[PDB]
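**Q** Just passing along the structure, written as structure tokens.
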Amino acid sequence: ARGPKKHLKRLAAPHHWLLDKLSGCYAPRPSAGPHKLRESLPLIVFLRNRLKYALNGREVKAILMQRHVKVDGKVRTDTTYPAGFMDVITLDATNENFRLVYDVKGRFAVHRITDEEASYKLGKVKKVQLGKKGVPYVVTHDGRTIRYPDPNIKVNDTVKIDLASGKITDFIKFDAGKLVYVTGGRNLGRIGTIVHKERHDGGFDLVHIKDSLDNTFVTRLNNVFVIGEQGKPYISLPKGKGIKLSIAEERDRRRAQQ
Amino acid sequence: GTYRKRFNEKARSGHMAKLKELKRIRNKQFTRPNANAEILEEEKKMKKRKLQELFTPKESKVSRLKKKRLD
Amino acid sequence: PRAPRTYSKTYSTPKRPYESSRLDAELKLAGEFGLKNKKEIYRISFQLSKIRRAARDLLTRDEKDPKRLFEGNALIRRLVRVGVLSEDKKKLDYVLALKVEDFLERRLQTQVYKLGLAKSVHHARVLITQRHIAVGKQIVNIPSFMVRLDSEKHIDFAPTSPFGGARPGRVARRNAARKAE
Amino acid sequence: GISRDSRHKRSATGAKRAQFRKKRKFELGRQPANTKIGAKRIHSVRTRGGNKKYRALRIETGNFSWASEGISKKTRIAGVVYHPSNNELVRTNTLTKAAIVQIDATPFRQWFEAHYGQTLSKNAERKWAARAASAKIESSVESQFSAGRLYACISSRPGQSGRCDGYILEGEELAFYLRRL
RNA sequence: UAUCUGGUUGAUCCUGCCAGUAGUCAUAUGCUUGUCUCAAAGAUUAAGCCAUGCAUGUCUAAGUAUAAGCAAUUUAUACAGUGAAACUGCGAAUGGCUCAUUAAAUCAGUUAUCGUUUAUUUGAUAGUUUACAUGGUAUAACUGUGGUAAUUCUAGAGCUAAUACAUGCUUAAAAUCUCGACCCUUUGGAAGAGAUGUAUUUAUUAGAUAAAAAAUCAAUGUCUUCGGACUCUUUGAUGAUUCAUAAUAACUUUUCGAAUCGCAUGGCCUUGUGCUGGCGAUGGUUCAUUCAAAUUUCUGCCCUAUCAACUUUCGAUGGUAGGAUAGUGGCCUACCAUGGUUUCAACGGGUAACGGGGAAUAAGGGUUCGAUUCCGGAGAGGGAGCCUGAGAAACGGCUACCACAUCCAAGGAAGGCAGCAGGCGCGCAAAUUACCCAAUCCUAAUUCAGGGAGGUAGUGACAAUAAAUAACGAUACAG
RNA sequence: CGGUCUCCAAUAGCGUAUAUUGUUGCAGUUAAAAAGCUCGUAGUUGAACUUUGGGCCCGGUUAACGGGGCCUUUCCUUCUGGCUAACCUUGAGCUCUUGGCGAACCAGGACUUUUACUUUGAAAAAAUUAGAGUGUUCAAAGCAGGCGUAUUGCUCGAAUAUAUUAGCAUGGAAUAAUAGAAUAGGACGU
Ligand SMILES: [Mg+2]
Ligand SMILES: [Mg+2]
Ligand SMILES: [Mg+2]
Ligand SMILES: [Mg+2]
Ligand SMILES: [Mg+2]
Ligand SMILES: [Mg+2]
Ligand SMILES: [Mg+2]
Ligand SMILES: [Mg+2]
Ligand SMILES: [Mg+2]
Ligand SMILES: [Mg+2]
Ligand SMILES: [Mg+2]
Ligand SMILES: [Mg+2]
Ligand SMILES: [Mg+2]
Ligand SMILES: [Mg+2]
Ligand SMILES: [Mg+2]
Ligand SMILES: [Mg+2]
Ligand SMILES: [Mg+2]
Ligand SMILES: [Mg+2]
Ligand SMILES: [Mg+2]
Ligand SMILES: [Mg+2]
Ligand SMILES: [Mg+2]
Ligand SMILES: [Mg+2]
Ligand SMILES: [Mg+2]
Ligand SMILES: [Mg+2]
Ligand SMILES: [Mg+2]
Ligand SMILES: [Mg+2]
Ligand SMILES: [Mg+2]
């Protein structure tokens, strides 16, 4: 190609969006934004294929141009705006606030939250560095740069960002015993507690995570997101609480509730 | 596939030229203007010589036998 | 272009179609079940072979294997639901003991015959293809329709059918009109 | 015409590579800019991205830094005396990085006169006396100051930034280059 | 092969043998061809040649309308509704098609950028720069005068705009560093005059630390109880850096630091068209993020040894310096050495070789296919070279040459269907030059316009699923 | 001379033509194939031996089976830092509490024979394949759907496995290699 691509085939789209393979030939290409293309949910999919509020792309555009959707407290009018992990989506006219959190299956789940919970979000500290004029700043996972961070904040820590003012309220250090959320790999969407962090200089660090059921799994550090201390998450969790459950029991409880 | 016969070698003379050069370098072991300008005999000789050397039909079976029998 | 839509063949030609004993076997199956052609028999045989090969592969696995337990249980549930496999025989070994006749009986044609709605298997076929038979509240016109245990008790003449309480068909009212005239 | 692509070269084993693709814009190269002493001529070059490069076709002044005293002054360039890569640049007086050049000595001499009050108001006397300990300098530099032309090395790339900045040779640098001269 | 049939003589058995009977897939072809769902369309190794039509344009309240445009109007004597044309901004580098070249090349997996560019999105980020607001150093559209046989050809003259082009100020305090009039000879002091944001270039400095105590030389600062004393003294990140950042001195045909636009009319009063002030759009330096790009580390390709030595004169291996590059790098230049690969198959040759995800077969090992719905690479008849732009070595952009080939008044002009249809390549053959942007998503100044991308339907049984052509009786005849 | 039939096969499908090597695991006296003989480089292959045995403890499976700890001459070493167990003791009732000593564990710096092989984990896009649920009228399929309903509405899913080699992390120490102390230029030290 002689330049950046602008089209996305449905088969090539991220699997977790759950798009019909025969509905059309192309899928919404997320525009540039806070989150990466493969780890983002465009607003069109959320409003049409998840909430079912709109029946087609044009109706989604009509909703957006009416300025009823807010992302992180800001109005967005792009159909393919890349909303992502820990993103707050507010619909005032319908009066709901949603937090984009993966389910156990590995898919963004429609999780409704209260207003007081919608007032803040969490961000994994991807980078800390001194800017121009000797002003420290922190870059989070969603591309937010916050100046004058607390000196104790380091990489791999989590910062509680208030949406209205965009300032850090609290933070969590990355240490053993902390509650973590998996954001990648086939363990995507699971929740557990840190046990040990294995370090390899010049390589990818590995973290051992133990679930509430005592099952243990190892994951690369890049896919780990600290969300609080054990038993005290700073955000409301989706149904299932990030516990992976086998297939036989899946049959079992589906029958039981049925 | 590099030197395979083409349907119309005359339509792609320049291409064939490259092949010859490549051969001359690949088999050397065995042997041993600015168009973007505001204003734009030997060149005609170059055309003639290059096109002639590029295209010379390989002598045929019957020509082989005729030469041997003449000798 | 649009993504492909998958397709598959539902029948396979036999290893030796020319065995005399075989030919007699399809003669039996077609004659007793009123099958139009041999392709129906081959289709049922192919489905049965797939089922029993899966059962054999599951048996090869060690007992208590999670894959074995899950998939064998699913297969037994499906076979019980369609009715080929009786309730008291819920083990993978008896699945290997199934036969083509078991599936053939569950066909809507044969069930219609047994229930007494038709006097011949061919009468059942013509009744089904003519939109006179309804399972539950819905009309089925396909002789190859497979009946479930729950569906078995709901087979009846369709509401729209003249035999099911609707008005007489075209021939009857035509004859009545000419007689009146 | 100029390209930086590596495919046209032979492989490490010596094989002659085949021609993978036509030349791409993102391995281009441009004609060298042989900077020469004279009245300033610079022309801009639009490069990859929105960035711009400066081409010094002619330049006769440059900002040279005397490192020992940590000072820097603008000075006219006299001429190129020695170049390590090739002597033809010395012959043609072409300005490039690492070329040894001669520069005028006046502005540095004025600065040293004023700062130390020595030759190569009470406030002035106080400052000169306070700095008197550092007055002594290398003999080699002082001899050139007497001559009026100082040896310097260009530390900028005139063909890229459009500047001919540099620094005055000292110590082992000056001794080695004097030996080569 | 298996099974089954037949022959092996005067006959019948038992062997053995022989012939025929297996299979899907693939190519071509023949006959038939009622219904429902579903879906495909290559092939002369000819990436051979194409008539005709279309396939890329785009405007919101928010850049520029005295169209001598339309329609409303005294809701305006600066404009304001809508708005052709043109300028301006963006896109056209996406998509679609084909597999010609290509044998460690592409490609798959897995690495790196402490080796570099990055329009746009997202978040931060700039009191240090006539102003109740500067010019034609200026033009289109437009008015008018014309040339040519001919084209998306254009000449002269007259006009007028900007978020075009080019210029240019106006805004706190403090601190620090220089140069320093003068007083006075001190342990000196000092009016004043300067400089400091950012961008580029160069030179130098800081960016500490495995842990504890002393004596002097020089400069020289706080303090007391005039004796001597002097504590808590500032430094982030990485496995690692000359990293981030900061500081000093200069440098620049040298940048940036808002002369822009929509809607609305709030608050102070000394009552002035005084001062102040709301919600947005568009721009702008740098950093980060995102979409990307470039190069790159390890392993992995079919046949060929009757291809055994190859590369190095004209870069082959490596060092030094420079040039160029967005940047590393023999990528190129100059000077140096003689290096580099190889029977663990280099080098050369063949390939009807784009690679892979996959497809078929098989009990397993294997064998073969993979132009073809997705990913990645290359191309637009063949070579060569380029403007623009963040992004092209672009071809539905430009320029040469080669081969073809259209118009012509013979002076000249215009070409690229391996895009969607539709033709030639034969004298023997095969989908409609159909409809639509309603869904998918893409482009724009942008909800609205555009999209042969895509969808709808039509058209040789491609490949697949279901499935009609009769059911129930009586009578008659015949063995 | 004149005059103007029966059966078999498939079935909305059917026919015709061409085409369609042994690693596991081949053979080499008499019916393919052992080179006239020896030497010999590459390549392939290559005798044995180094911690075995014994005695206890813990907790797991269905008396067998494996998983860990100690002891047996068997512990990697050194330094720094963090926390602190146990052990001594005072005092108040096995638990708190005073003051010492601080093992183990954790973290980092220093110290270091290298592979082959194998276990397990991450990674291998989607589509495809296998495969779970789902009355598309059945089916091929698709990822849909399901349940109530005067009125408002509630609700389950879109599972799971596979993928060679190479790279990464990890437990093993059987097998096959690799280095060490020999002119001691060897090891350790309060
Ligand atoms: Mg790293
Ligand atoms: Mg009816
Ligand atoms: Mg026909
Ligand atoms: Mg018919
Ligand atoms: Mg009909
Ligand atoms: Mg323009
Ligand atoms: Mg080819
Ligand atoms: Mg070759
Ligand atoms: Mg490679
Ligand atoms: Mg844009
Ligand atoms: Mg911005
Ligand atoms: Mg004019
Ligand atoms: Mg260099
Ligand atoms: Mg050279
Ligand atoms: Mg192939
Ligand atoms: Mg392919
Ligand atoms: Mg191209
Ligand atoms: Mg062509
Ligand atoms: Mg081109
Ligand atoms: Mg074209
Ligand atoms: Mg194109
Ligand atoms: Mg076409
Ligand atoms: Mg088409
Ligand atoms: Mg605008
Ligand atoms: Mg040997
Ligand atoms: Mg041995
Ligand atoms: Mg592996």
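Numbers run from 1 along the shown chain.
Determination method: electron microscopy, 3.9 Å.
Cβ coordinates are placed from backbone N, Cα and C, and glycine is handled just like the others.
Summarising the annotation, Swiss-Prot assigns ubiquitin cross-link to A:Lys61, A:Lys133, A:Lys160, A:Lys167, A:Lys173, A:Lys178, A:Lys210, A:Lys232 and lists a large-scale study or a structure entry as the type of evidence. The domain 'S4 RNA-binding' annotation in Swiss-Prot covers A:41-104. Summarising the annotation, Swiss-Prot assigns phosphoserine to A:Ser31, A:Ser246 and lists a large-scale study or a structure entry as the type of evidence. The feature phosphothreonine is assigned by Swiss-Prot to A:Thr114.
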**Q** If you skip the near sequence neighbours and keep only those at least six away, which residues in the chain come within under 8 angstroms of A:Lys167 (ubiquitin cross-link), Cβ to Cβ?
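**A** Set apart from A:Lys167 (ubiquitin cross-link) by at least 6 residues yet with Cβ under 8 Å, we have A:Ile146, A:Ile161.
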**Q** Looking only at the domain 'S4 RNA-binding' (A:41-104), what are its DSSP counts of helix, strand and coil residues?
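**A** For the domain 'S4 RNA-binding' (A:41-104), the helix, strand and coil counts are 17 helix, 20 strand, 27 coil.
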**Q** C-alpha of A:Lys61 (ubiquitin cross-link) to C-alpha of A:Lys173 (ubiquitin cross-link): distance in Å?
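**A** Rounded to a whole number, the Cα-Cα distance is 41 Å.
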**Q** Rounded to the nearest angstrom, how far is the Cα of the residue listed as 'phosphothreonine' from the Cα of A:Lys160 (ubiquitin cross-link)?
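**A** Counting only the Cα atoms, the answer is 16 Å.
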**Q** Among the modified residues A:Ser31, A:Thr114, A:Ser246, which residue has the largest number of other Cβ atoms within 10 Å of its own Cβ?
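**A** The largest 10 Å Cβ neighbour count belongs to A:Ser31.
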**Q** Find, for the listed recorded sites A:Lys160, A:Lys210, A:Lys232, the residue with the lowest Cβ contact count at a 10 Å cut-off, counting only other Cβ atoms.
**A** A:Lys232
**Q** Minimum Cβ neighbour count within 10 Å among the recorded sites A:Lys61, A:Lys173: which residue?
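**A** Fewest other Cβ atoms within 10 Å, among the recorded sites A:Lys61, A:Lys173, is found for A:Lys173.
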**Q** Could you tell me which of these recorded sites, A:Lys133, A:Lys178, has the fewest other Cβ atoms within 10 Å of its Cβ?
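**A** Each of the recorded sites A:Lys133, A:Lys178 was scored by Cβ atoms within 10 Å; lowest is A:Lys133.
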**Q** Where the distance is taken from Cα to Cα, which of the recorded positions A:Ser31, A:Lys210, A:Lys232 turns out closest to A:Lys133 (ubiquitin cross-link)?
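**A** Nearest listed residue in space: A:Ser31.
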**Q** Please classify the secondary structure at A:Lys133 (ubiquitin cross-link) using three-state DSSP.
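**A** DSSP assigns A:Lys133 (ubiquitin cross-link) to helix.
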